[PDB]
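Engineer: The data below comprise the sequence and an experimental structure of the protein.
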Amino acid sequence: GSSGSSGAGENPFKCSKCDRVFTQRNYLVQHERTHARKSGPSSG
Ligand SMILES: [Zn+2]
């Protein structure tokens, strides 16, 4: 007897930069273009 909530949904359209998801490719693109925080030699 363990039920209640299953958190947010899941979709194939996932963001590369962060861990975001969308119900379409368009909504994903507009979000991928907004990603302009990463600049210079800084990543892992
Ligand atoms: Zn993102």
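Structural biologist: Sure thing, it's come through. Residues are numbered from 1 along each chain as shown.
Engineer: And the strands in the chain?
Structural biologist: For the chain, the strands defined by DSSP state E occupy 13-14, 21-22.
Engineer: Packed most tightly, which of these would that be?
Structural biologist: Most buried of the strands of the chain, by mean neighbour count (mean count of other C-beta atoms under 10 Å): strand 21-22, with a mean of 16. Where you see a C-beta, it was placed from the backbone N, CA and C, and this is true even at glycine.
Engineer: Do that one and the ion come into contact?
Structural biologist: No. Against the ion, strand 21-22 shows no contacts by C-beta under 5 Å from the ion, the least distance being 9.3 Å.
Engineer: Can you give the strand pairings for that strand, parallel or anti for each?
Structural biologist: strand 13-14 (antiparallel) (DSSP bridges).
Engineer: what's the distance between the partner strand and the middle of its chain?
Structural biologist: Centroid separation for strand 13-14 versus its chain: 6 Å, with C-alpha atoms, centre = their mean, to the nearest Å.
Engineer: Not counting sequence-adjacent ones, nearest residue to the residue nearest to the spatial centre of the chain?
Structural biologist: By C-alpha atoms, centre = their mean, the chain has its centre lying nearest to residue 20, at 1.2 Å. Excluding the flanking residues, the one nearest residue 20 by C-beta to C-beta, 6 or more residues apart in numbering is residue 31, at 6.3 Å.
Engineer: if I pick that neighbour, what's in contact with it?
Structural biologist: 15, 20, 22 (C-beta atoms under 8 Å, 6 or more residues apart in numbering).
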